[PDB]
file protein.cif (mmCIF, C-alpha atoms and all ligand atoms)
data_final
loop_
_atom_site.label_atom_id
_atom_site.label_comp_id
_atom_site.auth_asym_id
_atom_site.auth_seq_id
_atom_site.Cartn_x
_atom_site.Cartn_y
_atom_site.Cartn_z
CA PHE A 1 -9.15 2.22 15.37
CA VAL A 2 -11.06 1.59 12.16
CA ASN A 3 -14.28 -0.31 12.75
CA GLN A 4 -14.41 -1.95 9.34
CA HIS A 5 -13.55 -5.18 7.55
CA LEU A 6 -9.80 -5.71 7.26
CA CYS A 7 -8.90 -8.20 4.56
CA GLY A 8 -5.99 -9.42 2.49
CA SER A 9 -2.91 -7.22 2.47
CA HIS A 10 -4.82 -4.67 4.54
CA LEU A 11 -5.02 -7.07 7.44
CA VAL A 12 -1.34 -7.87 7.12
CA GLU A 13 -0.45 -4.16 7.19
CA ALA A 14 -2.69 -3.68 10.21
CA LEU A 15 -0.84 -6.59 11.89
CA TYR A 16 2.53 -5.12 10.94
CA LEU A 17 1.70 -1.73 12.47
CA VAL A 18 -0.17 -2.93 15.54
CA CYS A 19 2.41 -5.58 16.51
CA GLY A 20 5.54 -3.53 15.89
CA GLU A 21 8.75 -4.94 17.32
CA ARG A 22 6.70 -7.79 18.75
CA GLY A 23 6.33 -9.21 15.26
CA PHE A 24 3.36 -11.27 14.17
CA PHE A 25 2.16 -14.51 12.67
CA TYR A 26 -0.14 -14.70 9.68
CA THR A 27 -2.03 -17.70 8.39
CA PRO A 28 -4.81 -17.15 5.83
CA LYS A 29 -6.02 -20.70 6.48
CA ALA A 30 -8.05 -19.39 9.44
CA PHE B 1 20.13 0.33 3.71
CA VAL B 2 16.83 2.22 4.00
CA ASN B 3 14.28 3.11 6.66
CA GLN B 4 13.62 -0.34 8.05
CA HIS B 5 10.13 0.54 9.22
CA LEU B 6 8.96 1.55 5.74
CA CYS B 7 10.84 -1.31 4.08
CA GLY B 8 9.17 -3.76 6.47
CA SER B 9 5.75 -2.62 5.32
CA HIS B 10 6.68 -3.63 1.77
CA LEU B 11 8.24 -6.89 2.93
CA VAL B 12 5.10 -8.05 4.69
CA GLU B 13 3.03 -7.25 1.59
CA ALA B 14 5.45 -9.37 -0.43
CA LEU B 15 5.20 -12.23 2.08
CA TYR B 16 1.41 -12.04 1.93
CA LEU B 17 1.51 -12.29 -1.86
CA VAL B 18 4.11 -15.03 -2.17
CA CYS B 19 3.44 -17.27 0.83
CA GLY B 20 -0.30 -17.51 0.25
CA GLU B 21 -1.97 -20.21 2.32
CA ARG B 22 1.31 -21.27 3.93
CA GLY B 23 1.22 -18.16 6.07
CA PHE B 24 4.37 -16.72 7.57
CA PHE B 25 6.03 -15.27 10.64
CA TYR B 26 7.41 -11.78 10.61
CA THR B 27 10.14 -11.41 13.21
CA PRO B 28 12.36 -8.32 12.66
CA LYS B 29 15.10 -9.18 15.17
CA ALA B 30 14.99 -12.90 15.97
CA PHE C 1 1.56 -17.48 -4.11
CA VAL C 2 -1.78 -16.15 -2.89
CA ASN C 3 -4.70 -18.03 -4.39
CA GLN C 4 -7.16 -15.16 -4.18
CA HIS C 5 -8.67 -12.37 -6.27
CA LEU C 6 -6.13 -9.66 -7.09
CA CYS C 7 -7.78 -6.41 -8.10
CA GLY C 8 -7.05 -2.74 -8.58
CA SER C 9 -3.83 -1.46 -7.06
CA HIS C 10 -3.25 -4.90 -5.57
CA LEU C 11 -2.89 -6.41 -9.01
CA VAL C 12 -0.53 -3.65 -10.04
CA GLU C 13 1.64 -4.24 -6.97
CA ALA C 14 1.63 -7.97 -7.67
CA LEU C 15 2.75 -7.16 -11.25
CA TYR C 16 5.44 -4.81 -9.97
CA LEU C 17 6.90 -7.44 -7.63
CA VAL C 18 6.54 -10.47 -9.88
CA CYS C 19 7.98 -8.78 -12.99
CA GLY C 20 10.88 -6.99 -11.33
CA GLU C 21 13.52 -5.60 -13.67
CA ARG C 22 11.54 -7.07 -16.55
CA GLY C 23 8.95 -4.35 -16.09
CA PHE C 24 5.30 -4.81 -16.97
CA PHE C 25 2.35 -3.50 -18.92
CA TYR C 26 -1.00 -2.72 -17.36
CA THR C 27 -4.28 -2.08 -19.10
CA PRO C 28 -7.49 -2.12 -17.05
CA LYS C 29 -9.49 -2.29 -20.28
CA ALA C 30 -9.05 -6.08 -20.27
CA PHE D 1 17.50 9.77 -4.16
CA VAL D 2 15.85 6.94 -2.21
CA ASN D 3 15.57 3.17 -2.35
CA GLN D 4 14.41 2.78 -5.93
CA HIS D 5 12.65 -0.50 -5.25
CA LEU D 6 10.40 0.98 -2.56
CA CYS D 7 9.89 4.20 -4.52
CA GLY D 8 8.85 2.16 -7.56
CA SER D 9 6.07 0.52 -5.56
CA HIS D 10 4.61 3.97 -4.89
CA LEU D 11 5.13 5.07 -8.49
CA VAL D 12 3.13 2.18 -9.91
CA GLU D 13 0.29 2.89 -7.47
CA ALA D 14 0.31 6.49 -8.68
CA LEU D 15 0.26 5.37 -12.32
CA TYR D 16 -2.66 3.06 -11.58
CA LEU D 17 -4.59 5.94 -10.03
CA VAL D 18 -3.82 8.60 -12.61
CA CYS D 19 -3.70 6.67 -15.89
CA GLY D 20 -6.97 4.83 -15.32
CA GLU D 21 -8.27 3.10 -18.43
CA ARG D 22 -5.35 4.29 -20.55
CA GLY D 23 -3.12 1.77 -18.85
CA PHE D 24 0.63 2.22 -18.72
CA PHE D 25 4.01 0.60 -19.14
CA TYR D 26 6.43 0.45 -16.26
CA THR D 27 9.99 0.16 -17.54
CA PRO D 28 12.63 1.03 -14.89
CA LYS D 29 15.66 1.18 -17.19
CA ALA D 30 14.53 1.63 -20.79
CA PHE E 1 15.22 11.02 8.13
CA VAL E 2 13.82 9.42 4.97
CA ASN E 3 12.05 10.47 1.78
CA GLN E 4 9.20 12.45 3.29
CA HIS E 5 6.90 11.84 0.35
CA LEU E 6 7.10 8.05 0.67
CA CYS E 7 6.99 8.19 4.47
CA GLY E 8 3.86 10.34 4.27
CA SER E 9 2.08 7.66 2.27
CA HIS E 10 2.64 5.24 5.15
CA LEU E 11 1.66 7.83 7.74
CA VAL E 12 -1.72 8.47 6.17
CA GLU E 13 -2.40 4.73 6.01
CA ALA E 14 -1.58 4.54 9.72
CA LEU E 15 -3.90 7.48 10.47
CA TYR E 16 -6.68 5.81 8.50
CA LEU E 17 -6.25 2.62 10.53
CA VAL E 18 -5.91 4.18 13.97
CA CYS E 19 -8.23 7.20 13.82
CA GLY E 20 -11.18 5.30 12.39
CA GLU E 21 -14.43 7.25 12.53
CA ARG E 22 -12.78 10.25 14.18
CA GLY E 23 -11.19 11.16 10.87
CA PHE E 24 -8.07 13.27 10.70
CA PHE E 25 -6.31 16.16 9.04
CA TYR E 26 -3.05 15.64 7.22
CA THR E 27 -1.07 18.87 7.10
CA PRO E 28 2.64 18.34 6.25
CA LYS E 29 3.88 21.85 7.06
CA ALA E 30 1.37 23.61 9.31
CA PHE F 1 -7.72 9.14 -13.49
CA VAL F 2 -9.15 5.78 -12.46
CA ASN F 3 -12.90 5.60 -13.00
CA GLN F 4 -13.56 3.06 -10.27
CA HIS F 5 -14.68 2.80 -6.65
CA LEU F 6 -12.08 4.18 -4.24
CA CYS F 7 -12.58 2.91 -0.70
CA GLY F 8 -10.82 2.62 2.62
CA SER F 9 -7.07 3.15 2.58
CA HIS F 10 -7.23 3.46 -1.20
CA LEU F 11 -9.27 6.61 -0.93
CA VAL F 12 -6.89 8.01 1.64
CA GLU F 13 -3.90 7.32 -0.61
CA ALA F 14 -5.73 8.93 -3.53
CA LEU F 15 -6.35 11.98 -1.28
CA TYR F 16 -2.71 12.04 -0.20
CA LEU F 17 -1.44 12.03 -3.80
CA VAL F 18 -4.04 14.33 -5.32
CA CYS F 19 -3.83 16.98 -2.57
CA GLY F 20 -0.06 17.06 -2.19
CA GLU F 21 1.35 19.98 -0.22
CA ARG F 22 -2.21 21.27 0.13
CA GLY F 23 -2.91 18.51 2.62
CA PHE F 24 -6.34 17.01 3.13
CA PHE F 25 -9.08 16.19 5.59
CA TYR F 26 -10.57 12.74 5.97
CA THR F 27 -13.72 11.76 7.80
CA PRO F 28 -15.18 8.29 7.22
CA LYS F 29 -18.41 9.43 8.87
CA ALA F 30 -19.56 10.82 5.51
CA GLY G 1 15.93 -12.50 9.02
CA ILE G 2 14.15 -11.08 5.98
CA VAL G 3 14.74 -7.48 7.07
CA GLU G 4 18.48 -8.12 7.42
CA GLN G 5 18.74 -9.28 3.81
CA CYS G 6 15.90 -7.59 1.91
CA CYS G 7 16.04 -4.01 3.24
CA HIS G 8 19.68 -3.37 2.41
CA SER G 9 19.56 -5.29 -0.87
CA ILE G 10 16.66 -5.86 -3.29
CA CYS G 11 14.96 -9.26 -3.00
CA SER G 12 13.00 -11.02 -5.72
CA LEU G 13 9.79 -12.82 -4.79
CA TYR G 14 11.91 -15.97 -4.82
CA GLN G 15 14.18 -14.62 -2.07
CA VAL G 16 11.17 -13.44 -0.09
CA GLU G 17 9.59 -16.87 -0.44
CA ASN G 18 12.55 -18.34 1.41
CA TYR G 19 11.03 -16.72 4.49
CA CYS G 20 7.57 -18.32 4.19
CA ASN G 21 6.46 -20.97 6.69
CA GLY H 1 -6.61 -9.14 -20.00
CA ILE H 2 -4.97 -9.52 -16.60
CA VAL H 3 -8.08 -8.16 -14.86
CA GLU H 4 -10.63 -10.71 -16.07
CA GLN H 5 -7.94 -13.32 -15.52
CA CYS H 6 -6.60 -12.28 -12.09
CA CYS H 7 -9.29 -10.06 -10.58
CA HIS H 8 -12.51 -11.56 -11.94
CA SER H 9 -10.95 -14.98 -11.54
CA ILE H 10 -8.09 -16.33 -9.41
CA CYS H 11 -4.73 -16.59 -11.15
CA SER H 12 -1.28 -18.05 -10.42
CA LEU H 13 2.16 -16.45 -10.20
CA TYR H 14 2.78 -17.87 -13.66
CA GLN H 15 -0.38 -16.27 -15.02
CA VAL H 16 0.53 -12.88 -13.54
CA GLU H 17 3.96 -13.25 -15.14
CA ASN H 18 2.46 -13.50 -18.64
CA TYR H 19 1.90 -9.74 -18.38
CA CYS H 20 5.53 -8.78 -17.78
CA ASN H 21 7.48 -6.89 -20.47
CA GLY I 1 11.91 7.12 -17.28
CA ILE I 2 9.56 7.79 -14.37
CA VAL I 3 11.98 6.30 -11.83
CA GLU I 4 14.78 8.57 -13.05
CA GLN I 5 12.71 11.69 -12.39
CA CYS I 6 10.24 10.79 -9.64
CA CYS I 7 12.41 8.85 -7.17
CA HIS I 8 15.05 11.53 -6.71
CA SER I 9 12.55 14.40 -6.81
CA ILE I 10 8.88 14.51 -5.78
CA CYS I 11 6.38 14.24 -8.64
CA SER I 12 2.82 15.52 -8.63
CA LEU I 13 0.11 13.38 -10.20
CA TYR I 14 0.49 15.66 -13.22
CA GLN I 15 4.15 14.68 -13.65
CA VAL I 16 3.29 11.02 -13.16
CA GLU I 17 0.55 11.31 -15.76
CA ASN I 18 3.18 12.25 -18.32
CA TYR I 19 4.20 8.60 -18.16
CA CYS I 20 0.76 7.13 -18.95
CA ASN I 21 0.12 5.42 -22.29
CA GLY J 1 -8.11 -17.29 12.75
CA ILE J 2 -7.54 -13.57 12.24
CA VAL J 3 -9.32 -13.68 8.87
CA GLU J 4 -12.71 -14.98 10.00
CA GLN J 5 -12.34 -12.67 12.99
CA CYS J 6 -11.12 -9.47 11.28
CA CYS J 7 -12.01 -9.87 7.61
CA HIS J 8 -15.24 -11.87 7.71
CA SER J 9 -16.23 -9.89 10.79
CA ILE J 10 -15.16 -6.51 12.20
CA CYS J 11 -12.49 -6.63 14.89
CA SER J 12 -10.84 -4.21 17.34
CA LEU J 13 -7.23 -3.15 17.80
CA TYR J 14 -7.17 -5.50 20.79
CA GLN J 15 -8.42 -8.40 18.68
CA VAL J 16 -5.81 -7.75 15.99
CA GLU J 17 -3.18 -7.70 18.74
CA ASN J 18 -4.03 -11.26 19.82
CA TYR J 19 -2.15 -12.36 16.70
CA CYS J 20 1.16 -10.71 17.54
CA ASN J 21 4.20 -12.84 18.43
CA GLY K 1 3.27 17.81 12.78
CA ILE K 2 3.19 14.04 12.30
CA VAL K 3 5.74 14.15 9.48
CA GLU K 4 8.18 16.11 11.66
CA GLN K 5 8.14 13.41 14.34
CA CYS K 6 7.26 10.14 12.58
CA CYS K 7 9.42 10.30 9.44
CA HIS K 8 12.74 10.81 11.20
CA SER K 9 11.89 8.48 14.08
CA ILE K 10 9.62 5.41 14.18
CA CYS K 11 6.15 6.00 15.64
CA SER K 12 3.91 3.39 17.22
CA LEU K 13 0.19 3.47 16.46
CA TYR K 14 -0.14 5.21 19.82
CA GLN K 15 2.08 8.10 18.69
CA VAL K 16 0.23 8.29 15.38
CA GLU K 17 -3.07 8.38 17.23
CA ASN K 18 -1.96 11.59 18.91
CA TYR K 19 -2.53 13.20 15.52
CA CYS K 20 -6.15 12.06 15.07
CA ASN K 21 -9.00 14.58 15.24
CA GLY L 1 -18.74 13.06 2.39
CA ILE L 2 -15.91 11.73 0.23
CA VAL L 3 -16.90 8.14 1.01
CA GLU L 4 -20.47 8.17 -0.30
CA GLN L 5 -19.14 10.23 -3.20
CA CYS L 6 -15.98 8.28 -4.09
CA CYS L 7 -16.42 4.85 -2.51
CA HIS L 8 -20.18 4.27 -2.74
CA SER L 9 -20.11 5.97 -6.12
CA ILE L 10 -17.37 6.61 -8.69
CA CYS L 11 -15.75 10.04 -8.53
CA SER L 12 -13.30 12.10 -10.61
CA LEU L 13 -9.91 13.60 -9.79
CA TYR L 14 -11.73 16.93 -9.47
CA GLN L 15 -14.23 15.46 -7.00
CA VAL L 16 -11.45 13.95 -4.88
CA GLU L 17 -9.76 17.36 -4.91
CA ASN L 18 -12.78 19.02 -3.26
CA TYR L 19 -11.60 17.37 -0.04
CA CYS L 20 -8.13 18.91 0.03
CA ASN L 21 -7.24 21.51 2.68
CL CL M 1 -9.75 -3.90 -1.42
CL CL M 2 8.68 3.47 1.26
ZN ZN M 3 -7.67 -3.07 -1.11
ZN ZN M 4 6.61 2.64 0.96
#
call {"tool": "encode", "arguments": {"input": "protein.cif", "output": "structure tokens"}}
result
Amino acid sequence: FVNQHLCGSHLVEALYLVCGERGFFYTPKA
Amino acid sequence: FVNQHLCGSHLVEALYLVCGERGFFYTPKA
Amino acid sequence: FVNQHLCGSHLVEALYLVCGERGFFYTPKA
Amino acid sequence: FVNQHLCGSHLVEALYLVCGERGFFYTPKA
Amino acid sequence: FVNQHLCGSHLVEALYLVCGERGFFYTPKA
Amino acid sequence: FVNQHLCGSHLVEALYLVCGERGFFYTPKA
Amino acid sequence: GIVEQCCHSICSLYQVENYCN
Amino acid sequence: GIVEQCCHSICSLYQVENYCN
Amino acid sequence: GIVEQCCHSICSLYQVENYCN
Amino acid sequence: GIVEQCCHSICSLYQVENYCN
Amino acid sequence: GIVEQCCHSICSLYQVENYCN
Amino acid sequence: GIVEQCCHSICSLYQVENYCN
């Protein structure tokens, strides 16, 4: 797994791929 | 219809852009 | 809508999605 | 043929990369 | 099946995220 | 061609598009 | 859900926004 | 330009929309 | 337009460049 | 939040996974 | 290759990882 | 490497192409 800073849309894509069918929750306010 | 997996990638990017600080939940099959 | 810095390809994607069928114009020289 | 909306997203990213400082217009149906 | 070109774009992003510092080779048709 | 810094997934996408059928090799450790 | 409506048919940012929290 | 306005500074959906065709 | 040619068939960066300004 | 944890700092696959549904 | 397996069927990050170096 | 060359510094299409298979 990348060992770098994941920000903005990149973090959301990482969440999308890692979570899969489990789905995810994203709040930029934290 | 299209490949749901690829489409989803684009949907989450759109949610990131439009929702902003309100955040969002991504749940494929509620 | 995100309240953050939109740069590079991220700005272009934002333009693509916001403008839709209207299409857009992109010049990095400004 | 493919989903034009998704394809378009990839096309604008390609235009951003290749056109550079020349900028470009994205007009789906001239 | 889907448009292989678009799919590939998503595959390389996934490889970038998961492989990390191990790097990877992307060879469509070995 | 863009005359800007290409990093992370952006560099990988640039590699994907520029190399095409030739395929590419990516190692972040350099 | 958003997939059910936006993957078969094209959704504007307005339609996508309906799915925000 | 949209860069100085949206990349060098933070802009709104409305501001991004000023650059549509 | 670029959609008309590059979404049905695969376009190299060279073909995409044809559409730059 | 996932931002301060993964964007402001570097996080692992496991850490990203703590934010799944 | 990865295209052969992951473009027709959906691959988890685990399946994609199989293709790392 | 392509990073120090294209990310830490600005590189050309030709330079990016040196990293193709
Ligand atoms: Cl970035
Ligand atoms: Cl796609
Ligand atoms: Zn980025
Ligand atoms: Zn796509």
call {"tool": "atom_distance", "arguments": {"input": "protein.cif", "atom1": "CA of residue 18 (chain A)", "atom2": "CA of residue 21 (chain J)"}}
result
11.2 Å
call {"tool": "calpha_fit_and_write", "arguments": {"input": "protein.cif", "fixed": "chain H", "moving": "chain K", "output": "mmCIF file with C-alpha atoms, in the frame of the given file"}}
result
data_model
loop_
_atom_site.group_PDB
_atom_site.id
_atom_site.type_symbol
_atom_site.label_atom_id
_atom_site.label_comp_id
_atom_site.auth_asym_id
_atom_site.auth_seq_id
_atom_site.Cartn_x
_atom_site.Cartn_y
_atom_site.Cartn_z
ATOM 1 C CA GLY K 1 -5.893 -7.912 -19.933
ATOM 2 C CA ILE K 2 -4.729 -9.082 -16.508
ATOM 3 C CA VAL K 3 -7.734 -7.551 -14.749
ATOM 4 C CA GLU K 4 -10.130 -9.386 -17.081
ATOM 5 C CA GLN K 5 -8.651 -12.762 -16.140
ATOM 6 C CA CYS K 6 -7.186 -12.372 -12.637
ATOM 7 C CA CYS K 7 -9.917 -10.418 -10.827
ATOM 8 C CA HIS K 8 -12.758 -12.819 -11.567
ATOM 9 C CA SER K 9 -10.604 -15.926 -11.179
ATOM 10 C CA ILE K 10 -7.514 -16.531 -9.018
ATOM 11 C CA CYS K 11 -4.180 -16.309 -10.849
ATOM 12 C CA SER K 12 -0.939 -17.968 -9.813
ATOM 13 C CA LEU K 13 2.302 -16.016 -10.144
ATOM 14 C CA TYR K 14 2.790 -17.979 -13.359
ATOM 15 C CA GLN K 15 -0.423 -16.571 -14.861
ATOM 16 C CA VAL K 16 0.500 -13.081 -13.685
ATOM 17 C CA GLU K 17 3.922 -13.456 -15.258
ATOM 18 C CA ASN K 18 2.247 -13.884 -18.630
ATOM 19 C CA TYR K 19 1.520 -10.165 -18.397
ATOM 20 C CA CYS K 20 5.124 -9.026 -17.830
ATOM 21 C CA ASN K 21 6.992 -7.118 -20.546
#
call {"tool": "residues_around", "arguments": {"input": "protein.cif", "residues": "residue 25 (chain D)", "least_positions_apart": "6", "cutoff": "10 Å", "atoms": "only C-alpha atoms", "output": "list in words"}}
result
residues 23, 24, 25, 26 and 27 of chain C; 12 and 15 of chain D; 20 and 21 of chain H; 19, 20 and 21 of chain I
call {"tool": "write_last_selection", "arguments": {"input": "protein.cif", "atoms": "C-alpha atoms", "output": "PDB file, keeping the file's coordinate frame"}}
result
ATOM      1  CA  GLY C  23       8.950  -4.350 -16.090  1.00  0.00           C
ATOM      2  CA  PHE C  24       5.300  -4.810 -16.970  1.00  0.00           C
ATOM      3  CA  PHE C  25       2.350  -3.500 -18.920  1.00  0.00           C
ATOM      4  CA  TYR C  26      -1.000  -2.720 -17.360  1.00  0.00           C
ATOM      5  CA  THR C  27      -4.280  -2.080 -19.100  1.00  0.00           C
TER       6      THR C  27
ATOM      7  CA  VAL D  12       3.130   2.180  -9.910  1.00  0.00           C
ATOM      8  CA  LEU D  15       0.260   5.370 -12.320  1.00  0.00           C
TER       9      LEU D  15
ATOM     10  CA  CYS H  20       5.530  -8.780 -17.780  1.00  0.00           C
ATOM     11  CA  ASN H  21       7.480  -6.890 -20.470  1.00  0.00           C
TER      12      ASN H  21
ATOM     13  CA  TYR I  19       4.200   8.600 -18.160  1.00  0.00           C
ATOM     14  CA  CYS I  20       0.760   7.130 -18.950  1.00  0.00           C
ATOM     15  CA  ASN I  21       0.120   5.420 -22.290  1.00  0.00           C
TER      16      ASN I  21
END
call {"tool": "residues_near_ligand", "arguments": {"input": "protein.cif", "ligand": "ligand CL 1 (chain M)", "cutoff": "12 Å", "atoms": "all atoms listed in the file", "output": "MDAnalysis selection string"}}
result
(chainID A and resid 4:11) or (chainID C and resid 4:11) or (chainID F and resid 4:11) or (chainID H and resid 7) or (chainID J and resid 7) or (chainID L and resid 7)
call {"tool": "residues_around", "arguments": {"input": "protein.cif", "residues": "residue 15 (chain K)", "least_positions_apart": "6", "cutoff": "10 Å", "atoms": "only C-alpha atoms", "output": "ChimeraX atom specification"}}
result
/K:2,5-6
call {"tool": "residues_near_point", "arguments": {"input": "protein.cif", "point": "(4.5, -8.0, -8.4)", "cutoff": "9 Å", "atoms": "only C-alpha atoms", "output": "PDB file with C-alpha atoms, in the frame of the given file"}}
result
ATOM      1  CA  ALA B  14       5.450  -9.370  -0.430  1.00  0.00           C
ATOM      2  CA  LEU B  17       1.510 -12.290  -1.860  1.00  0.00           C
TER       3      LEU B  17
ATOM      4  CA  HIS C  10      -3.250  -4.900  -5.570  1.00  0.00           C
ATOM      5  CA  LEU C  11      -2.890  -6.410  -9.010  1.00  0.00           C
ATOM      6  CA  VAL C  12      -0.530  -3.650 -10.040  1.00  0.00           C
ATOM      7  CA  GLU C  13       1.640  -4.240  -6.970  1.00  0.00           C
ATOM      8  CA  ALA C  14       1.630  -7.970  -7.670  1.00  0.00           C
ATOM      9  CA  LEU C  15       2.750  -7.160 -11.250  1.00  0.00           C
ATOM     10  CA  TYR C  16       5.440  -4.810  -9.970  1.00  0.00           C
ATOM     11  CA  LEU C  17       6.900  -7.440  -7.630  1.00  0.00           C
ATOM     12  CA  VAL C  18       6.540 -10.470  -9.880  1.00  0.00           C
ATOM     13  CA  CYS C  19       7.980  -8.780 -12.990  1.00  0.00           C
ATOM     14  CA  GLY C  20      10.880  -6.990 -11.330  1.00  0.00           C
TER      15      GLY C  20
ATOM     16  CA  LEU G  13       9.790 -12.820  -4.790  1.00  0.00           C
TER      17      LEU G  13
ATOM     18  CA  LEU H  13       2.160 -16.450 -10.200  1.00  0.00           C
ATOM     19  CA  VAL H  16       0.530 -12.880 -13.540  1.00  0.00           C
ATOM     20  CA  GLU H  17       3.960 -13.250 -15.140  1.00  0.00           C
TER      21      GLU H  17
END
call {"tool": "atom_distance", "arguments": {"input": "protein.cif", "atom1": "CA of residue 28 (chain C)", "atom2": "CA of residue 21 (chain D)"}}
result
5.5 Å
call {"tool": "axis_aligned_box", "arguments": {"input": "protein.cif", "around": "region 8-17 of chain H", "padding_each_side": "3 Å", "output": "JSON"}}
result
{"center_x": -4.3, "center_y": -14.8, "center_z": -12.3, "size_x": 22.5, "size_y": 12.5, "size_z": 11.7}
call {"tool": "atom_distance", "arguments": {"input": "protein.cif", "atom1": "CA of residue 1 (chain L)", "atom2": "CA of residue 10 (chain I)"}}
result
28.8 Å
call {"tool": "interface_residues", "arguments": {"input": "protein.cif", "of": "chain F", "to": "chain D", "cutoff": "7 Å", "atoms": "only C-alpha atoms", "output": "PyMOL selection string"}}
result
chain F and resi 1-3
